[PDB]
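> Starting off with a structure, shown below.
2 protein chains.
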Amino acid sequence: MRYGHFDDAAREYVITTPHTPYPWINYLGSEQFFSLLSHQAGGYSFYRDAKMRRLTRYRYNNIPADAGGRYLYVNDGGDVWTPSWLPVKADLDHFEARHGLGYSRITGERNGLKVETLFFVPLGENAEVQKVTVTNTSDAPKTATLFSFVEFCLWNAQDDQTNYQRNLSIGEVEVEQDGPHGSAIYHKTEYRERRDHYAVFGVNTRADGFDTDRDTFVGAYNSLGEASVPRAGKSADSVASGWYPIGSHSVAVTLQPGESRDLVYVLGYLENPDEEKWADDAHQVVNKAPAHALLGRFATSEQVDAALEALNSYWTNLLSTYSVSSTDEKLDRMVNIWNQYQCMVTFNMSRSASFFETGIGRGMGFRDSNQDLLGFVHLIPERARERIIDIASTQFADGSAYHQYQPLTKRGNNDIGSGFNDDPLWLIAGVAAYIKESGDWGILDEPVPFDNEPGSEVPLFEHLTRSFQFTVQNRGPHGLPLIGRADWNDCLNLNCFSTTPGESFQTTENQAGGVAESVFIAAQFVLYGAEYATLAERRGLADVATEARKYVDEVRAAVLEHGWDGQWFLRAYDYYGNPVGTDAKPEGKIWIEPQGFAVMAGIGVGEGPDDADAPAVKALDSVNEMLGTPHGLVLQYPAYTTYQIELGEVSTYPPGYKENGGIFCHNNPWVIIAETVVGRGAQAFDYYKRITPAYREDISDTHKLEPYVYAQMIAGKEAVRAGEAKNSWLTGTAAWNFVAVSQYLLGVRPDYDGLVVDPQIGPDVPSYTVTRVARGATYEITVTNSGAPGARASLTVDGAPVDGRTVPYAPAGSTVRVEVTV
Amino acid sequence: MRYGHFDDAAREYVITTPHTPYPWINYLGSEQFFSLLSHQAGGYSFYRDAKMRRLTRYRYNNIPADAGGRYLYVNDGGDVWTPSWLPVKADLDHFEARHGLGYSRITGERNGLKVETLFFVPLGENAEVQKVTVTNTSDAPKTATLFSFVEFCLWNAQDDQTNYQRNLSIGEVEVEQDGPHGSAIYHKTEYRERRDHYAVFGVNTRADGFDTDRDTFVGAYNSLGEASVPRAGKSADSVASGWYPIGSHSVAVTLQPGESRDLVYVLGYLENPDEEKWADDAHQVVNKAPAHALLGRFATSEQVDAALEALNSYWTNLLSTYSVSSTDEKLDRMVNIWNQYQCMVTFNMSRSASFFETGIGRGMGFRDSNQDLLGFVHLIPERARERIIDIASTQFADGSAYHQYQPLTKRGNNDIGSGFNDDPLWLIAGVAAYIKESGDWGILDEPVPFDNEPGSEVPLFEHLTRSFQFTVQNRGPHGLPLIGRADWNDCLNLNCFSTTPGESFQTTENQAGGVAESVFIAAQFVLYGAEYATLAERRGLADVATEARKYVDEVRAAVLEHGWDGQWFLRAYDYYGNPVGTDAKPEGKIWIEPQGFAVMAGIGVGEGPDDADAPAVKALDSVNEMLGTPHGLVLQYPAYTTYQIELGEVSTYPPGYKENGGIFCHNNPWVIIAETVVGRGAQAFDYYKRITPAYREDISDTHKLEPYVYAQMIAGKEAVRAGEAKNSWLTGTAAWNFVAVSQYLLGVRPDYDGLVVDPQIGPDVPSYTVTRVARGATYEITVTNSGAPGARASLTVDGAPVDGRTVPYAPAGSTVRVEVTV
Ligand SMILES: OC[C@H]1O[C@@H](O)[C@H](O)[C@@H](O)[C@@H]1O
Ligand SMILES: OC[C@H]1O[C@@H](O)[C@H](O)[C@@H](O)[C@@H]1O
Ligand SMILES: OC[C@H]1NC[C@H](O)[C@@H](O)[C@@H]1O
Ligand SMILES: OC[C@H]1NC[C@H](O)[C@@H](O)[C@@H]1O
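These protein sequences, in sequence, are chains A and B. Numbering follows the UniProt record's numbering, in which position 532 of the first sequence is assigned residue number 532; successive positions increment by one, without gaps. Numbering follows the UniProt record's numbering, in which position 105 of the second sequence is assigned residue number 105; successive positions increment by one, without gaps.
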């Protein structure tokens, strides 16, 4: 039922068994170098780009899962074991993995020898550091040999897995047994030609021996768990020539009773200017200057400790912007630690690389990285700022955009499709969230190219004009926006009609013509068009702003007139003008996306929570009856049981999975916020709980996946695996639940001209205090909360009552005490 | 060392240990459905296309190599083992694997139970059949449980290994324990949607139980060697929902001493008409009729035995066209069995799918499948006719062509680049060989589209015109052919200048302009331009033929005037117009390709073998001294030790591998042929022996790969791994060495109007007889061969002498007796 427990004071999740339901990972690094690290040391690392600069190899869908990562074989008297458990799977007297913020510790103990490894990526460094502590826990002296192991990737991860006819002949290493700080191995494939970068794997000691060739170290016919070298007790000292390069060092250790030793291993990513690639005039020997420097920065324990403390200080400081103290310690741990930590990861990774996303085809999604901003702008505004410029530079002059860009190059590509008509409006979403947060109006003036074209620069604001005008000029017969390839739901392809197997719905060519419309984009246009009009007003553009609110008006009125089914919002009109998401159809009656997003947009809001005549209220009640489950809200009901050619990808999933009846968690917080907008705090918070890691920890054997982060997808009611998650970690659910909980449930949300304090969470959290730093000042917000249905807040500020729920921004350096009664 | 032996009478290679240096595979099937089967039962199967219809999953670069395939776990009173040895690796009393023609047989014995499995793909079937015979070889009764196992792939092999974020939720199966002939499992992923196909895995008996979920069968934390289910002794009857579908049946047997039992397993690929996909109106249950009909065609051992006998008769028939009886049993087994079998494999596979080619990026290559025709035309000429039509249909109107086509759709693509200028001329090579073989002049009238455009058809001959004109109208400043992206050598990229890492030289954009020319294409053009001339004269195209010979003469003169270095032929002019492959540069002084091919074209051939002044002789002596290793001839010398930006991919390989000083065996037969042209039989035969599998069997530990088929590359003298092969099976070396030995060494080659008999093999083959069927007549050719340098045959035919070396074709039905004196 549980496989570990949170450690709130340490900011760690503690895994107390190797035998979890699935591999459970951490991400190390927050800047430009990243590692996937499972609780069994499986995973890999990459610089900037998981497809293009992957340092170490990892196999998806391996048998068993996650047999492959950073291993340390201990040979004690002929007995070989690994403290990560896998691959050898020797009985351990004690095992524990601690996943922390930017680091993890994995401990195994066997027959009087305890081996603990601290893994992290140091701030400022493109390296993964491991600090090993071997301890004699027996009453007698003890000796052992330790064999380190890492398997290299040949940089291009797609090439590495497919192009052996070339790549088995190109692997190249160097060995440096007597370096300045210890022993090192260089992985230097293709440095001969166009690469200016190599990898290093070294230790802060003169190793007894080494191995660079996988086949020699593992042995023929053997798995990682039977590697010949550790069993033999002595390195072969292999020098790779093609095949499969690895990094491994042997170190002999001797320990008195109770005595320990630290060893420091470093996996690094090094570059040289072209001028300085080589150490020799013949150009055969890599220039090792930067690696000697890197290894010198991690030559001692003290230096590792000092970096782990700077990393802890960096996390303390990131988490100082938004905190809560409440009566619900699960709510608290989510808000203060886990949900913000995940937001940092998604900002960096988008949907690119996890234990489910393979870090090949997906780079940095236009819609996804825009939505990640919403959860990230409060953490490091300046990096959010630059991300906005990078994303907007992949937009086209007509307002549409590349659906994603390649992280190394910042260039758009069509590798997972083009012409998704929801994409343009998300850019407004992210900019609005950024300006509300930081107040940096001058970003609107930043010159930004179209599709990276030298000389095409216009102000960022003009880019938002192109997004807005894209929708206004791409409406169909009902005044709703044309959907194109798909909207937010990638599997709703109304211009597709595909009969050909094995061509991606995402990528396959679309039919010209038709009248296919999205009720979802309409709700999105209403929400974010209003935001754009506001941006325009601030810029003194009264002509532009006026026209804009008119269009918003026309589209709102189109949603009530032509997008309302009777008890919920319509989903779409197909190519031929048929309604999708109507009670008139047998399957796919109600789809969740327009319900939450329409009501978020104020569409169909009546007199209050108990205004039973109001579309918003009918919509949400229907969401509740027809879509709700103990695990969250399923995307549509009922799921499709046969292929519907005119809807594209959606009906191709078996019922209850992904977009065909799955709980697609990213869209539940839309419903959450909808319910707070309508004044049903209690129900809003209920939905929050159903999908939130801290609340699902007690059902770990059912969720299966990491119990400390949101997943993309939980199997829905119509699936035999109801409650089982897939695709953990990399989901917009993280940014969107942070919004929901922080800004609409706890109620604290930056606006243009003040801080909105508008609790709506219902009776299960009767008091809390939020600490929010906003525009240089600190708001202490003490909330006493009846939870009464429909009841909203009154504020007194610094001893004096104020009107409404917006506290105008105090000057930098202030502390403002706001007293809240709901 | 050796790890087995040839069995000529059985036409098998006999592997006597599991512990080979590398997995050794056979190919099953010769029609539309194929299996890669290793001596450990490893590999996978596909229908028509390895990328788009892969039935079963295989992991390239697994640890260990080749742990996944068709396994049969035996649980004998709790002991679990596999007769394939992998994956359980339990100690076997006896092991043997026999690779034969379209079948293999693998036998494993442990603790009084012998388990023999016969694998093949039957004629006219899309299925892999296994016949399993279990024998009690002990002196006491036995009870054992047999668990079969295969792991499905989700059809699209690329999506399977990269698109988990979708595909983990789409896997579906149906289980039929009580079918008409036994138990069956249906793998039907995506049948719900666009696929009209599904796989079956069945046994000819009612199974005790089954399994369809991989995780349940294998167990958490377990590899395939530690599978839980067989260890537990009973199936878990698991029914997959997503994740990893498998096919598995359990069958308990009880055997008295010396008793045996047969079991027939079938892995079938089935299709239904769209109107007939579903058993039920609700469209939920697959229509099983064709799967029931398939299982019924293999419900008995008798039915298997008959099919295997028909497969034998089919091969005996294929091999009845060319054979030799000589004093060299190594030569004979290559000419009679192995090289012809290989030629059928290359005709079918091109270069897409092997244990090195991943069946992903590569489909059927234009140059590749054209050149394969040279060694396949005599086997099944009607299939070569169709193949020529399929190829020519991927050609553009300007005469240039798509570099390869998708096996499933027959439509060309640029996935591995475009604008390889040697491509167009290979079309003529293929048609010339085919017509010489068959005399089917009518093929030149076949209407053939460009780029498959309906309505674009012109006669085949007209395609050849376009090929010929392409080269005429693409010459540089020396009158030598413009190189384009590359010629035959994919890595000689003169229009490239890439400094961006990670980007394929094959697909990356090229510079317009410069003056880069290829001596190889020049030689190629002289050789095949001449055939083109001949075909135009015979179509009655006098002026065209005259014009064609004029062009050939210019290009021949240009080779001698501008493509000559002094002691060898030049390789090329670079973008700047500088010579490539000259003694004036320090690396890449001499390249093999234009040496073999210019001399085959007759360029610089003098008065005889002893004329030291003929450029052909000098060229070939330079190739001997500079390129010769005891493992074959390296591509160029010295190999490049630094990246040469003007040359492309070539210098990106470490010295001695692939195109940078590897023995690229495909170009070795060109030198073999060349040598026979100058009358140096002994040396030509020497070169043939150096790379030929039967002669390298005695160095199996050095070669490492299959000792019965040619490999693409043998590491060169500048490699640390000198003599170790990579990329076995799929190589043009098969067809080119067949051409060399059958036609130039042994000397029996079809021409347009008679059969040329021109032995040039030197004194190691003093006497031999060739039985050649050509144009429905059998030629019995008896050769007394002095092997004396430059000595050339004279003939008598049916007791009467004739002039020169061409025997006019006798009419169908006759036996012609040719007595040959050299
Ligand atoms: O695309 C196929 C080509 O790839 C190159 O990288 C290899 O060196 C060539 O041997 C091969 O012909
Ligand atoms: O290309 C990415 C898209 O792939 C589809 O196969 C999935 O159903 C979507 O969830 C995903 O957004
Ligand atoms: O289709 C829904 C959803 N699939 C998952 C994708 O990452 C996201 O971009 C998309 O909005
Ligand atoms: O580059 C030489 C050679 N490499 C291997 C390819 O399959 C072939 O088409 C090419 O000619």
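A virtual CB, placed ideally from N, CA and C, is assigned to each residue, including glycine.
Alpha carbon to alpha carbon, how far is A694/B from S700/B?
Start at 1 with the first residue of the second sequence, and residue 694/B comes out as number 694. Start at 1 with the first residue of the second sequence, and residue 700/B comes out as number 700. Cα to Cα, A694/B sits roughly 10 Å from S700/B.
> Near ligand 4, which residues have their beta-carbon less than 7 Å from any of its heavy atoms, given in chain order?
That gives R351/B, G365/B, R367/B, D368/B, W488/B, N489/B, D490/B, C491/B, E659/B, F664/B, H666/B, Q712/B, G732/B.
> Mark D211/A as exposed unless 16 or more other C-beta atoms lie within 10 angstroms of its C-beta, in which case mark it buried.
Taking the first residue of the first sequence as position 1, residue 211/A is located at position 211. That one is buried.
> Does the Cβ-Cβ distance between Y434/B and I380/B come in under 9 Å?
Numbered from 1 along the second sequence, position 434 holds the residue referred to as residue 434/B. Numbered from 1 along the second sequence, position 380 holds the residue referred to as residue 380/B. No; because the gap between Cβ atoms is not below 9 Å, this pair is not in contact.
> Would DSSP call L373/B helix, strand or coil?
Indexing the second sequence from 1 puts residue 373/B at position 373. Note: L373/B maps to helix in three-state DSSP.
> Using a Cβ distance threshold of 8 Å, determine whether the segment 179 to 192 of chain B contacts the segment 737 to 746 of chain A, with at least three qualifying pairs required.
With the cut-off at 8 Å, the segment 179 to 192 of chain B and the segment 737 to 746 of chain A do not touch.
> Note down, in chain order, every chain A residue with its Cβ under 7 Å from the Cβ of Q406/B.
One-based indexing of the second sequence puts residue 406/B at position 406. Near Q406/B there are no residues of chain A at all, since even the closest Cβ is about 11 Å away, more than 7 Å.
> Give the secondary structure of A207/A by DSSP, where H, G and I count as helix, E and B as strand, and everything else as coil.
Working through the first sequence from its first residue, we reach residue 207/A at position 207. Coil at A207/A, not helix or strand.
> If contact is defined by three or more beta carbon pairs under 8 Å, each pair taking one atom from either stretch, is the segment 637 to 644 of chain B in contact with the segment 587 to 605 of chain B?
Yes, the segment 587 to 605 of chain B touches the segment 637 to 644 of chain B.
> When we look at the beta-carbon of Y164/A and count the other beta-carbons within 10 Å, is it buried (16 or more) or exposed?
As a position in the first sequence, residue 164/A is number 164, starting the count at 1. It is buried - the Cβ of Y164/A has at least 16 other Cβ atoms within 10 Å.
> Determine the DSSP secondary structure at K131/A, reduced to helix, strand or coil.
Taking the first sequence and counting its residues from 1, the one referred to as residue 131/A is at position 131. Residue state, collapsed to three classes: strand.
> Using Cβ-Cβ distances below 8 Å, what residues of the segment 225 to 255 of chain B are close to chain A?
Cβ contacts with chain A come from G225, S241, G242, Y244.
> Looking at C-beta atoms only, is the number of pairs between the segment 233 to 253 of chain B and the segment 135 to 155 of chain B that lie closer than 8 Å three or more?
Result yes; three or more Cβ-Cβ pairs closer than 8 Å.
> Judging by CA-CA distance, which residue of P654/A, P594/A, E649/A, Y27/A is the nearest neighbour of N668/A?
Sequence index remark: in the first sequence, residue 668/A carries index 668 (1-based). The shortest Cα separation from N668/A among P654/A, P594/A, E649/A, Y27/A belongs to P594/A.
> Determine the direct distance from the alpha carbon of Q506/A to that of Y314/A, and round the result to whole angstroms.
Residue mapping note: residue 314/A aligns to position 314 of the first sequence, counting from 1. Residue mapping note: residue 506/A aligns to position 506 of the first sequence, counting from 1. Those two C-alpha atoms are separated by around 39 Å.
> With C-beta atoms as the reference, is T346/A less than 9 Å away from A734/A?
On the first sequence, position 346 is the one that residue 346/A refers to. On the first sequence, position 734 is the one that residue 734/A refers to. Yes; because the gap between Cβ atoms is below 9 Å, this pair is in contact.
> Secondary structure at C491/B, three-state DSSP: helix, strand or coil?
Here residue 491/B refers to the residue found at position 491 when the second sequence is read from its first residue. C491/B: coil per DSSP, three-state reduction.
> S456/B by DSSP, collapsed to three states: which one?
As a working note, residue 456/B is residue 456 in the second sequence. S456/B: coil per DSSP, three-state reduction.
> Quick one: what does DSSP say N75/A is sitting in, helix, strand or coil?
Along the first sequence, one-based indexing puts residue 75/A at 75. Three-state DSSP puts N75/A in a strand.
> How is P638/A classed by DSSP in three states: helix, strand or coil?
Working through the first sequence from its first residue, we reach residue 638/A at position 638. It is coil, neither helix nor strand.
> So which residues on chain B does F356/A lean against when the C-beta distance must stay under 8 Å?
As a first step, residue 356/A is located in the first sequence; it is residue number 356 there, counting from the start. In chain order: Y164, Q165, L168.
> Find the residues of chain A that neighbour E31/B, judging by a C-beta separation of less than 7 Å, and give them in chain order.
The count along the second sequence starts at 1 and reaches residue 31/B at position 31. Here the premise fails: no neighbours, minimum Cβ distance about 21 Å.
> Report yes or no: is there a C-beta of chain A within less than 9 Å of the C-beta of residue 894/B?
The structure shown does not extend to residue 894/B, since chain B spans only 1 to 822, so no value can be given for it.
> Could you name the residues of chain A that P64/B contacts, counting a contact when the two beta carbons are closer than 8 Å?
Start at 1 with the first residue of the second sequence, and residue 64/B comes out as number 64. Within 8 Å Cβ-Cβ: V218, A220, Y221, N222, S223.
> Hey, residue 827/B and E386/B are a contact pair by Cβ (cut 8 Å); roughly how many whole angstroms apart?
For residue 827/B there is no data in the structure shown, the boundaries of chain B being 1 and 822.
> Could you check what DSSP says for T465/A in three-state terms: helix, strand or coil?
As a first step, residue 465/A is located in the first sequence; it is residue number 465 there, counting from the start. It is helical.
> Kindly indicate which residue of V80/B, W426/B, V822/B, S794/B has the alpha-carbon position closest to the one of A232/B.
As a first step, residue 232/B must be located in the second sequence, where it is residue number 232. Ranking the options by Cα distance to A232/B, first place goes to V80/B.
> Is DSSP giving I380/B helix, strand or coil here?
To locate residue 380/B, count along the second sequence from 1; it is residue 380. If DSSP states are grouped into helix, strand and coil, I380/B belongs with coil.
> What I want to know is whether the C-beta of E649/A ends up closer than 8 Å to one or more non-hydrogen atoms of ligand 2.
In the first sequence, counting from the first residue as 1, residue 649/A sits at position 649. Yes, the Cβ of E649/A comes within 8 Å of a heavy atom of ligand 2.
> Thinking just about the alpha-carbon of each residue, which of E646/B, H19/B, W591/B is nearest to the one in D621/B?
One-based indexing of the second sequence puts residue 621/B at position 621. The residue with the shortest Cα to Cα distance from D621/B is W591/B.
> Return the residue from the list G484/B, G439/B, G502/B, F685/B that minimises the CA-CA distance to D753/B.
Against the second sequence, residue 753/B aligns to sequence position 753. Here the closest residue by C-alpha is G439/B.
> Inspect the beta-carbon positions of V519/A and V559/A and report whether they are closer than 9 Å.
To locate residue 519/A, count along the first sequence from 1; it is residue 519. To locate residue 559/A, count along the first sequence from 1; it is residue 559. Yes, the pair counts as a contact, with Cβ atoms nearer than the cut-off.
> Is any heavy atom in ligand 3 found nearer than 8 Å to the beta carbon of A715/A?
Position 715 of the first sequence holds residue 715/A. No; taking the cut-off as 8 Å, the Cβ of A715/A has no heavy atom of ligand 3 nearer than that.
> Is there a Cβ from chain B that is less than 9 Å from the Cβ of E190/A?
Residue 190/A sits at position 190 when you count from the first residue of the first sequence. Cβ-Cβ to chain B under 9 Å: yes for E190/A.
> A536/A and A548/A - do their beta-carbons sit closer together than 9 Å?
Against the first sequence, residue 548/A aligns to sequence position 548. Against the first sequence, residue 536/A aligns to sequence position 536. Yes, the pair counts as a contact, with Cβ atoms nearer than the cut-off.
> Go to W736/A, then tell me how far its alpha helix (DSSP H) extends in each direction, as first and last residue.
Along the first sequence, one-based indexing puts residue 736/A at 736. Where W736/A is concerned, the enclosing alpha helix (DSSP H) stretches over 733 to 739.
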